[PDB]
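One structure below.
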Amino acid sequence: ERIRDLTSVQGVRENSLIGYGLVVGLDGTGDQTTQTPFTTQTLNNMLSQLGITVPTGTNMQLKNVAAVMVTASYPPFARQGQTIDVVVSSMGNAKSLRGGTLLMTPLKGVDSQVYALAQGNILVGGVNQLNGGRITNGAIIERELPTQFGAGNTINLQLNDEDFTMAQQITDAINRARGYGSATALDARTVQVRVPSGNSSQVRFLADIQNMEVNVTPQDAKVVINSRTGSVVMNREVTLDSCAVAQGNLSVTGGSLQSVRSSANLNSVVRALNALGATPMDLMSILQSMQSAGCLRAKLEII
Amino acid sequence: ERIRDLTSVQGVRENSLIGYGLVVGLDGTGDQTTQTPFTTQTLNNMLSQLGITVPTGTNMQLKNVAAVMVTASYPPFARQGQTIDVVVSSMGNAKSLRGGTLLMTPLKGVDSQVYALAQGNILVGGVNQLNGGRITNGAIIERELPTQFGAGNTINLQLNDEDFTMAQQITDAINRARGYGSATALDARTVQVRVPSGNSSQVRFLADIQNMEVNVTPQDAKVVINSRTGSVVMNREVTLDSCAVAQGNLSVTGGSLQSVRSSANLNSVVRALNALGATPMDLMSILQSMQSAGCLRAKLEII
Amino acid sequence: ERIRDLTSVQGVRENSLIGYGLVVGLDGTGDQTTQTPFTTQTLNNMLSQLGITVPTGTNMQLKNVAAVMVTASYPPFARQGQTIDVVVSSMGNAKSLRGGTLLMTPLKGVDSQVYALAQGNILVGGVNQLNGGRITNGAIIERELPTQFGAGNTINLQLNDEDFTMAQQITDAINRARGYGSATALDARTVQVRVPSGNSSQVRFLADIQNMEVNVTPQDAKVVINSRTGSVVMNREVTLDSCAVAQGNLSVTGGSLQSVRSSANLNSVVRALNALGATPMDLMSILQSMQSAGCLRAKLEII
Amino acid sequence: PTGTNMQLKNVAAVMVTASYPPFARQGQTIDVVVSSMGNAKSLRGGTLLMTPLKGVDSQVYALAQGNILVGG
Amino acid sequence: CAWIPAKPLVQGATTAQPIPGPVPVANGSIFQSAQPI
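Residue numbers (the UniProt record's numbering), protein chains in the order written: chain Z, 20 to 145, 157 to 283, 316 to 365; chain X, 20 to 145, 157 to 283, 316 to 365; chain W, 20 to 145, 157 to 283, 316 to 365; chain E, 74 to 145; chain D, 22 to 58.
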């Protein structure tokens with residue numbers, strides 16, 4: 020059950036759908052409608068569609084209606100009649116969408132075609159975000175996408191992370207499990223697999239391939255630094271080289319220059335860095351300086 | 020597993036993608052839209068695309084919408100349908116993006132072509159940055175880049191750091207592992223490797239090469255000084271020469319002139335510099351003066 | 020491993036790259052944009068490139084955008100696809116760049132050609159500088175420089191410090207290690223080395239030469255005085271001549319005239335100068351007066 | 074545009090001085106001194122942009138760019 | 022009178038074409054200087 024966790028099947032992908040709607044039933048926490056003319060304009064549009072023509076010159080000050088944007092994911096092999104979850108986000112000067120209801124909303128694709136229709140009740144946590163909510167099974171699929179699955183005798187497994195070693199390992203595992211020339215590698219990210227012609231046979235082949243177990247070879251050493259959240263993460267391949275480190279208000283537990323020993327595994331690296339007595343914000347600067355000097359034998363990525 | 024940590028494969032590189040978008044669902048912490056006309060202009064553009072035409076003369080004062088810039092990395096051998104992480108950063112006078120949602124955003128390359136589409140929910144730490163966030167698997171790849179991998183019988187390993195000794199060591203390791211004329215050195219940074227013609231064979235060759243172990247030869251002595259963060263880092267090759275040092279409010283633990323002994327290894331250097339009793343900010347000036355005089359037998363780099 | 024620390028190889032040099040960019044995602048600590056018109060002008064340029072045309076007459080008051088200058092180093096034998104670190108510095112009236120993101124920035128050379136593209140997240144220490163930051167692997171190399179390495183049978187080792195004795199020592203070491211006429215000296219700073227024609231052979235020759243050990247002969251006596259930081263550094267070759275010294279508020283530990323004995327090594331000099339009981343700021347004037355008189359048998363350099 | 078008010082706070086105009094060593098060769102690096110020229114308060118964490126270093130004959134002999142170290 | 026040929030005050034060509042720059046040297050430096058005067 021590792022191949023399904025390391026790769027994705029070519030043609031089996033997700034799309035993004037967007038749409039505009041109105042959320043009603045709020046407890047006076049909707050749009051002001053004086054700074055958001057589109058709310059009243061679209062409410063008048065809906066009323067006109069339903070058979071009510073409000074005169075153009077009239078002041079409408081609503082409190083229970085909010086103009087919202089609805090986002091959804093079009094799943095692979097989606098069929099009409101199926102339901103998907105949607106996210107509803109306020110667009111202007113609304114206060115809350117706690118007990119609102121989303122009216123009929125057409126969800127358009129990138130090609131500006133309706134692929135789903137959204138309508139349901141919003142669930143809002145209520157420190158919690160008030161202007162955003164989620165509706166489970168809130169949209170029904172209305173259009174279906176053609177696909178080439180089942181045509182041809184080749185399917186590509188696309189690795190989540192590029193690696194020649196992992197691509198070769200997956201290819202060798204498939205060849206060890208299902209014949210000599212069952213899988214070949216095209217690059218560091220794509221493995222081409224030969225499958226029998228048809229739909230059911232390819233589904234069977236993919237079902238056998240997906241749950242296969244592949245031992246993950248060691249990746250590249252990498253230290254991920256998030257300055258916006260104040261976090262540091264080091265994987266198991268990080269090593270250290272011996273060198274001296276000095277930083278403000280940090281001293282030997316003594317002098318301001320502290321030795322850092324040569325470290326081979328991650329436990330040694332953690333011990334050496336904890337001997338410094340550094341706050342993670344200080345550890346960020348220490349790690350960047352050590353990468354500049356050359357002690358840190360890892361790829362420092364700031365995210 | 021050291022060659023993969025010391026070099027990069029020619030043609031296996033990452034690109035940078037940029038785009039503009041709108042983030043909705045904020046709790047009154049969005050753009051003021053009076054000092055940022057582009058937010059309202061692009062919201063009107065989106066509404067017009069969706070079928071709603073707000074009259075040109077109208078005052079729109081939103082609070083839950085922020086105009087944002089989205090940045091992403093195009094991975095090597097990227098295939099359409101694959102997902103990548105994106106970074107979302109506010110552009111003007113917005114207060115927070117804590118619970119926002121990124122709408123459909125096309126990510127352009129340097130050639131101003133769409134290579135990915137971004138849409139998802141932002142994660143913001145919440157001392158923490160409020161105007162910046164990250165969306166994991168927030169963008170789907172839409173375009174693929176042609177490449178020459180698998181063509182020809184030559185591939186170049188490019189060292190992260192230039193070194194004739196390390197280039198020769200990598201060349202000798204490859205020749206010791208995979209035949210006489212398997213690898214040759216072109217300069218201090220590039221090692222040319224002969225591979226069989228084809229795609230699968232080159233993937234196999236790179237998989238064997240990448241995890242190979244190479245003993246790292248000693249680099250150049252280097253002292254990295256970061257005055258903006260107040261840090262000093264000295265690698266294992268730094269030595270010291272005997273000389274006298276004087277600085278304000280520093281004295282023998316006595317006279318203001320303190321002797322610094324000749325030091326061969328890093329432990330001796332650390333001991334000699336800690337005998338001075340110098341704060342790291344004082345140590346920066348001391349090290350610069352010693353480099354000027356000639357005691358410091360290392361390359362002093364200010365970063 | 021001393022020749023690599025004493026010399027540099029001809030043609031193996033570093034260049035400097037500069038560029039202009041915008042940093043977004045700040046927490047209200049960006050440019051005021053009223054005193055910095057170029058920030059808004061370049062933001063409008065970027066938006067126009069992305070497809071958004073903000074009308075010329077409009078007031079844009081941003082808070083999360085700062086105009087920055089990006090500096091980088093082009094390494095020797097740089098290849099496209101490789102990543103380098105960049106420094107990001109604010110240009111006008113910005114308050115902080117703590118959690119900012121650098122957008123697509125072309126790094127130009129002296130010839131005004133793009134050699135790299137910079138984009139990433141800034142790391143700022145946070157007494158610490160707020161308007162300056164560093165991005166590790168923040169720029170990808172896009173252009174490559176032609177070079178003459180591997181052509182001809184001559185390569186010049188350039189000493190960091192000019193010295194006839196050190197040049198002769200390096201020449202003699204190379205001749206002792208790799209044949210009779212392998213290296214010759216051209217001046218006090220340059221040593222010419224004969225290498226076989228080709229690329230791999232010269233890399234092998236330089237790999238053998240670089241890690242060679244050379245005993246450093248004694249340099250010129252030198253006393254470095256930094257009045258701006260208040261430091262004095264004396265190397266091991268400094269000697270003293272016997273003479274009397276008088277200075278304000280300094281007396282025999316008695317009379318204001320104190321004898322300074324003739325000193326041969328550095329320990330004797332340090333002892334004689336510490337017997338004076340002089341503050342380093344007083345020691346600066348004392349040393350300058352002694353150099354004028356002739357007691358100080360060293361070169362006094364003010365840095 | 075020529076008519077515009079620019080009031081900066083993070084930029085200082087500076088003069089850079091350096092020493093050309095004996096037998097200097099292109100590609101070699103030297104130390105430089107950076108000194109403020111008018112009404113600036115500090116250069117504690119500044120960065121020097123691309124600066125051509127001229128000789129007495131008004132010819133470029135070096136290019137200066139780096140991070141300044143100030144005692145403080 | 023106005024048809025009599027005359028020599029203008031500013032004789033010769035009134036424009037100059039830029040000369041293409043010298044070929045850069047293969048030394049590993051971006052800075053390339055024209056032949057100094």
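Note that beta-carbon positions come from the ideal geometry of N, C-alpha and C, so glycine has one too.
Contact between the stretch 48-67 of chain W and the stretch 102-121 of chain W: three or more CB pairs below 8 Å?
Yes, since at least three Cβ pairs between the stretch 48-67 of chain W and the stretch 102-121 of chain W fall closer than 8 Å, the two stretches touch.
Please list, in chain order, the residues of the stretch 32-45 of chain W that have any C-beta partner in chain D closer than 7 Å.
Residues of the stretch 32-45 of chain W with a C-beta less than 7 Å from any C-beta of chain D: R32 and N34, listed in chain order.
To the nearest angstrom, how far is it from the Cα of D202 (chain W) to the Cα of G162 (chain W)?
Numbered from its first residue, the third sequence carries residue 202 (chain W) at position 172. Numbered from its first residue, the third sequence carries residue 162 (chain W) at position 132. Rounded to the nearest angstrom, the gap between the Cα atoms of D202 (chain W) and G162 (chain W) is 47 Å.
Helix, strand or coil: which one does DSSP assign to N112 (chain W)?
Numbered from its first residue, the third sequence carries residue 112 (chain W) at position 93. Three-state DSSP puts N112 (chain W) in coil, outside helix and strand.
Quick check: is any heavy atom of the ligand GTP less than 8 Å from the C-beta of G260 (chain Z)?
Questions concerning the ligand GTP fall outside what the structure shown contains, since it holds no ligand whatsoever.
Does any residue of chain E have a CB that is nearer than 9 Å to the CB of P43 (chain D)?
In the fifth sequence, residue 43 (chain D) corresponds to position 22, counting from 1. Cβ-Cβ to chain E under 9 Å: no for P43 (chain D).
Along the chain, where does the beta strand (DSSP E) containing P176 (chain W) start, and where does it finish?
The residue you call residue 176 (chain W) lines up with position 146 of the third sequence. From DSSP, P176 (chain W) is part of no beta strand (DSSP E); its letter is neither H nor E.
Are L338 (chain W) and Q350 (chain W) closer than 9 Å when you measure CB to CB?
Position 276 of the third sequence, counted from the first residue, corresponds to residue 338 (chain W). Position 288 of the third sequence, counted from the first residue, corresponds to residue 350 (chain W). Going by C-beta atoms, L338 (chain W) is not nearer than 9 Å to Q350 (chain W).
Is it buried or exposed for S318 (chain X), if we count other Cβ within 10 angstroms and need 16 for buried?
Here residue 318 (chain X) is taken as the residue at index 256 of the second sequence, counted from 1. Under the 10 Å beta carbon count, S318 (chain X) is surrounded by 16 or more other beta carbons and is classified as buried.
Just to confirm my understanding: we take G119 (chain E), look at its own chain, exclude 5 residues before and 5 after, and list those with CB closer than 6 Å. What are they?
Residue 119 (chain E) sits at position 46 when you count from the first residue of the fourth sequence. The beta carbon of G119 (chain E) is closer than 6 Å to those of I141 in its chain, skipping five residues each way along the sequence.
Is it right to say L362 (chain Z) is buried, meaning 16 or more other beta carbons lie within 10 angstroms of its own, or is it exposed?
As a position in the first sequence, residue 362 (chain Z) is number 300, starting the count at 1. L362 (chain Z) should be labelled buried.
Using CA atoms only, rank isn't needed, just tell me which of X:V253, X:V225, X:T59 and X:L66 is closest to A276 (chain Z).
Along the first sequence, read from residue 1 onward, the residue named residue 276 (chain Z) stands at position 246. Of the listed residues, the one whose Cα sits closest to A276 (chain Z) is X:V253.
When we look at the beta-carbon of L69 (chain Z) and count the other beta-carbons within 10 Å, is it buried (16 or more) or exposed?
Locating residue 69 (chain Z) in the first sequence gives position 50, counting from the first residue. Result: exposed.
Partners in chain E for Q350 (chain X), counting only beta-carbon separations shorter than 7 Å:
For this step, residue 350 (chain X) is matched to residue 288 along the second sequence. Think of a sphere of 7 Å around the beta carbon of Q350 (chain X): the chain E residues whose beta carbon falls inside it are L142, in chain order.
Presumed contact (8 Å Cβ cut-off) between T55 (chain Z) and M79 (chain X), rounded CB distance:
As a first step, residue 55 (chain Z) must be located in the first sequence, where it is residue number 36. As a first step, residue 79 (chain X) must be located in the second sequence, where it is residue number 60. Yes, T55 (chain Z) and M79 (chain X) are in contact; Cβ-Cβ is about 7 Å, under 8 Å.
Taking Cβ-Cβ distances below 8 Å as the criterion, which residues of the stretch 231-249 of chain X are in contact with chain W?
Answer set for the stretch 231-249 of chain X: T247 and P248.
When you compare only the Cα positions, how much space is there between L81 (chain W) and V133 (chain W)?
Mapped onto the third sequence, residue 81 (chain W) falls at position 62. Mapped onto the third sequence, residue 133 (chain W) falls at position 114. Straight across, the Cα-Cα distance linking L81 (chain W) with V133 (chain W) is about 29 Å.
Tell me, to the nearest whole angstrom, how far the beta carbon of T259 (chain X) is from that of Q199 (chain X); I am working on the premise that it is less than 8 Å.
For the purposes of this step, residue 259 (chain X) is taken as the residue at position 229 of the second sequence. For the purposes of this step, residue 199 (chain X) is taken as the residue at position 169 of the second sequence. In fact, because the Cβ distance is near 33 Å, the residues do not count as touching under 8 Å.
Quick one: grab the DSSP three-state call for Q60 (chain Z).
Indexing the first sequence from 1 puts residue 60 (chain Z) at position 41. Secondary structure at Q60 (chain Z): helix, using DSSP grouped into helix, strand and coil.
Would you check if the distance between the CB atom of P176 (chain X) and the CB atom of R219 (chain Z) is smaller than 9 Å?
Translated into positions along the second sequence, residue 176 (chain X) becomes position 146. Translated into positions along the first sequence, residue 219 (chain Z) becomes position 189. No. Outside cutoff.
Considering only the alpha carbon of each residue, which of W:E172, W:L45, W:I71 and W:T53 lies closest to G40 (chain X)?
To locate residue 40 (chain X), count along the second sequence from 1; it is residue 21. The option with the nearest alpha carbon to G40 (chain X) is W:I71.
Going by C-alpha distance, which of W:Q138, W:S347 and W:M242 is nearest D104 (chain W)?
For the purposes of this step, residue 104 (chain W) is identified with residue 85 of the third sequence, where counting begins at 1. Shortest Cα-Cα distance from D104 (chain W) to any of W:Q138, W:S347 and W:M242 involves W:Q138.
Short CB-CB distance (under 9 Å) between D217 (chain W) and chain D:
Numbered from its first residue, the third sequence carries residue 217 (chain W) at position 187. Not an interface residue.
Do you know how far the Cα of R234 (chain X) is from the Cα of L25 (chain X)?
For the purposes of this step, residue 25 (chain X) is taken as the residue at position 6 of the second sequence. For the purposes of this step, residue 234 (chain X) is taken as the residue at position 204 of the second sequence. Cα to Cα, the separation comes out at about 19 Å.
Closer than 8 Å at the beta carbon, the chain D residues around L136 (chain E):
On the fourth sequence, position 63 is the one that residue 136 (chain E) refers to. Correct list: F52.
Within its chain, find whatever has a CB closer than 6 Å to the CB of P45 (chain D); leave out the 5 residues flanking it on each side and keep chain order.
One-based indexing of the fifth sequence puts residue 45 (chain D) at position 24. Taken in chain order, the residues that qualify are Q53.
Contact belief for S109 (chain Z) with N64 (chain X) at Cβ below 8 Å, rounded distance in angstroms
Taking the first sequence and counting its residues from 1, the one referred to as residue 109 (chain Z) is at position 90. Taking the second sequence and counting its residues from 1, the one referred to as residue 64 (chain X) is at position 45. Contact annotation, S109 (chain Z) with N64 (chain X): C-beta distance approximately 19 Å; criterion of less than 8 Å not satisfied.
Using the beta-carbon of each residue, which ones in chain Z are nearer than 7 Å to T166 (chain W)?
The residue you call residue 166 (chain W) lines up with position 136 of the third sequence. Going along chain Z in sequence order, the residues near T166 (chain W) (Cβ under 7 Å) are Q350, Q353, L362 and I364.
Locate the beta strand (DSSP E) running through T214 (chain X), then write down its first and last residues.
Mapped onto the second sequence, residue 214 (chain X) falls at position 184. Where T214 (chain X) is concerned, the enclosing beta strand (DSSP E) stretches over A213 to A215.
In chain order, what residues of the same chain have a beta carbon less than 8 Å from the beta carbon of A326 (chain X), not counting five sequence neighbours either side?
Counting from one through the second sequence, the residue named residue 326 (chain X) turns up at place 264. Shown here for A326 (chain X): same chain residues with a beta carbon closer than 8 Å to its own, the five before and five after excluded, namely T269 in chain order.
Any chain D beta carbon closer than 9 Å to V133 (chain E):
In the fourth sequence, counting from the first residue as 1, residue 133 (chain E) sits at position 60. Output row for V133 (chain E): interface = yes.
With distances taken from CA atoms, which of X:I348, X:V89, X:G145 and X:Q222 is nearest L121 (chain X)?
Locating residue 121 (chain X) in the second sequence gives position 102, where the first residue counts as 1. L121 (chain X) has its Cα closest to that of X:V89, out of X:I348, X:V89, X:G145 and X:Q222.
Determine, using beta carbons only, whether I204 (chain Z) and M264 (chain Z) come nearer to each other than 9 Å.
As a first step, residue 204 (chain Z) must be located in the first sequence, where it is residue number 174. As a first step, residue 264 (chain Z) must be located in the first sequence, where it is residue number 234. 9 Å or more divides the Cβ of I204 (chain Z) from the Cβ of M264 (chain Z).
Cα-Cα separation between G211 (chain Z) and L160 (chain X), rounded to whole angstroms:
As a position in the first sequence, residue 211 (chain Z) is number 181, starting the count at 1. As a position in the second sequence, residue 160 (chain X) is number 130, starting the count at 1. If I take the Cα positions, the gap works out to 52 Å.
Would you say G100 (chain W) and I165 (chain W) are within 9 Å of each other, going by their C-beta atoms?
By 1-based counting over the third sequence, the position of residue 100 (chain W) is 81. By 1-based counting over the third sequence, the position of residue 165 (chain W) is 135. No, these two residues do not count as a Cβ contact at 9 Å.
Tell me whether the beta-carbon of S272 (chain W) lies closer than 9 Å to the beta-carbon of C357 (chain W).
As a first step, residue 272 (chain W) is located in the third sequence; it is residue number 242 there, counting from the start. As a first step, residue 357 (chain W) is located in the third sequence; it is residue number 295 there, counting from the start. A contact, by the Cβ cut-off of 9 Å.
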